[PDB]
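**Q** What follows is a structure written as structure tokens; I'll ask about it next.
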Amino acid sequence: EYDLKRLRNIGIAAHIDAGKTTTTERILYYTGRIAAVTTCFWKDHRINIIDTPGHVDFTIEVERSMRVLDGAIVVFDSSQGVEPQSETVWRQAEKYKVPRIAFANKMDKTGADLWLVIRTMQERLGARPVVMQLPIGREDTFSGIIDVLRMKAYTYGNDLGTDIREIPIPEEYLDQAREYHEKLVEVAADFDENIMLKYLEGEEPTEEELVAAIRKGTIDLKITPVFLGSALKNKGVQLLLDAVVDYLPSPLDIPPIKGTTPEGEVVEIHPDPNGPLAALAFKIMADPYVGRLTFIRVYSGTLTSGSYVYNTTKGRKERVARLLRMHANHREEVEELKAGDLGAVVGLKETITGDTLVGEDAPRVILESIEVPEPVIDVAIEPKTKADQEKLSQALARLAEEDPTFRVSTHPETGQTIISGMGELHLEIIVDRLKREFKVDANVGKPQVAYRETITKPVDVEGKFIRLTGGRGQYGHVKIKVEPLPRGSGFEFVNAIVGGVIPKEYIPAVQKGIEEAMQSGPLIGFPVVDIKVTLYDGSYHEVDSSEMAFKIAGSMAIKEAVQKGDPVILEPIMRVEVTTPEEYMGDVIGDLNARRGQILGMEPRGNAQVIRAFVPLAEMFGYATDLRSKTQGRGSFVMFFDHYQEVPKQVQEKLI
Ligand SMILES: Nc1nc2c(ncn2[C@@H]2O[C@H](COP(=O)(O)OP(=O)(O)O)[C@@H](O)[C@H]2O)c(=O)[nH]1
Ligand SMILES: [Mg+2]
């Protein structure tokens, strides 16, 4: 019942509106006449449908899902052909090397043009599409579908998925079918030497010979077999299913994932169900009454229900309570998920997405790399009035338990609460989750960039606090040398206090006030960083001293030192990567340069080009629409944090 050869782990890549959801749903319908991953069945194949992100830019989720699916269906709206948006979702497939087939959807829709599609695919994407199918009918007359591989035709009696008849190819479409058949063999001839031979002599190849060669080329990323239909009026879905099993890869056809032994060495992980367990956790979902569901793909070895596993990322042993397969209609409990297969593990306390599971006494290997994102975007949230402020913090602190990659700071100047994430999009869904599904209404603020403040020469300063009746006596007096630290060494404190000069009991108070003051620098009231303070002197007033006095004396001192230390602002600098059609190389580079950018070099990927760059996060507000309207919809970028830099003198004189 389990055969790797017969797994088909796919995802459905689709443009907004192209029909992703409707295609997926109809695929579940047809496979069901018998959720992060939904399993189903087709002619003795298990298809695991990986849910891909609902818009392309979600870059992390993207990487995580493409990694876990094997093949893919790309869906096109055959009224537009390939859109700007359809182009972006192709590049992702191209980017992550995932073997693909196309689906010309919406064939019943006015403007339905198969060839509008096929051409844009060769033309704009450099795709080498192959006509696997011919349509019978046009728009509202789109009646059926011809298969030019097997030279059989299909007709659909209704929009419902209820009437299908295998017909002979109408004589009227018989010339065109014969045309695209020999072209198909012509294509398969590039992948099978004995089909070439057979081609040359006018010998018809076997139906299998032909499928195998299409498959081989689809998988090696050399061709993109193309199919069509209407998901909405149920036409051609079964054939597309058919195609998934035909041409789309099993766990075996794609090269194996790589991971790192604990000695630092990189290994290919090979899909042996009787080899060592190794598995990636790639999504957590909090099922209502089943519990906290944690979705995995198993790369090698077997995962057995009731067993104990070792989480190698968070180095702690977990226990696998139940194993589930999520179907369309129901949940199915299973004893075991073998190499190449997928599902959900129940129980599992401290495992978050990214985490690697191995089998207790198996190699302590690590599949997914490190970097936690610097929280570079801040956002303020005035609640309602103590109203939604009630449950927001309660919902924040469990939401911080399937995302460790975002800060929560209470801003102590004006008062609001501060969430700090990595991207604008990061903060936007965290906001839709706040308001929609955890019922928090509030004044959500505008995305401000996480600026910092530091000094550029050493200082030698003092702070005092001195009260006399108001209403008892107060005294605190320190002296500090503050010097610059290297970029991102952060805070260092040193106590060069002699002996009794400041009584040992007050040093904490000094440190507290120093830290307290460093949360608001003098330039733009942002956090102070990368400095080394040394308390070297001071004084005290013998009755009148106190923790309060020394604390303030430290705030004071610290704030003064920053004003004096030729202070400067630090801003986040992003590593940006722009995917442009080659015709816009120049006009896109100039814009980047115009955002104080600095180019690192364009390597081509596909028939596209990919420009690398450094650009201040501050200048990236609305790059998405700027690119779109400078590549004509066809551009797409990815940003990742790199480092902090001094702002130019111009920008400081501006931010204040
Ligand atoms: N005419 C037509 N409309 C379709 C077809 N497939 C999907 N749609 C429509 O496209 C709209 C959005 O579809 P959806 O699957 O949500 O697209 P998505 O945003 O890319 O996920 C819906 O109104 C669907 O009814 C099709 O084959 N023909
Ligand atoms: Mg959708």
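Residue numbering: from 1, along the chain as shown.
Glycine is no exception: its Cβ is also placed from the backbone N, Cα and C atoms.
Below are the features listed in Swiss-Prot for this protein:
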- 14-21, 51-55, 105-108: GTP binding site (BINDING)
**Q** 10 Å Cβ neighbour count around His55 (GTP binding site)?
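**A** A count of 12.
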**Q** Please report, as a whole number of Å, how far the Cα of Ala35 is from the Cα of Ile34, with 27 residues unmodelled between the two.
**A** 20
**Q** Among the binding-site residues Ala14, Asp17, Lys20, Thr52, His55, which have a Cβ atom lying under 6 Å from any atom of ligand 1?
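**A** The ones that qualify, in sequence order, are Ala14, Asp17, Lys20.
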**Q** Running a distance check here. Ligand 2 versus the binding-site residues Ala14, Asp17, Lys20, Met107: which have CB less than 6 Å from one of its atoms?
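**A** Near ligand 2, sequence order: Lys20.
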**Q** Please state whether DSSP places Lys20 (GTP binding site) in a helix, a strand or coil.
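**A** Reduced to three states, the DSSP call for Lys20 (GTP binding site) is helix.
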**Q** Including all protein chains shown, what's the count of other C-beta atoms within 10 A of the C-beta of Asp17 (GTP binding site)?
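**A** Looking across every protein chain shown, the total is 13.
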**Q** Write out the long-range same-chain contacts of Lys20 (GTP binding site), meaning residues 6 or more apart in sequence whose Cβ is under 8 Å from its Cβ.
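**A** For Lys20 (GTP binding site), the qualifying residues are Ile12, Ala13, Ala14, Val75.
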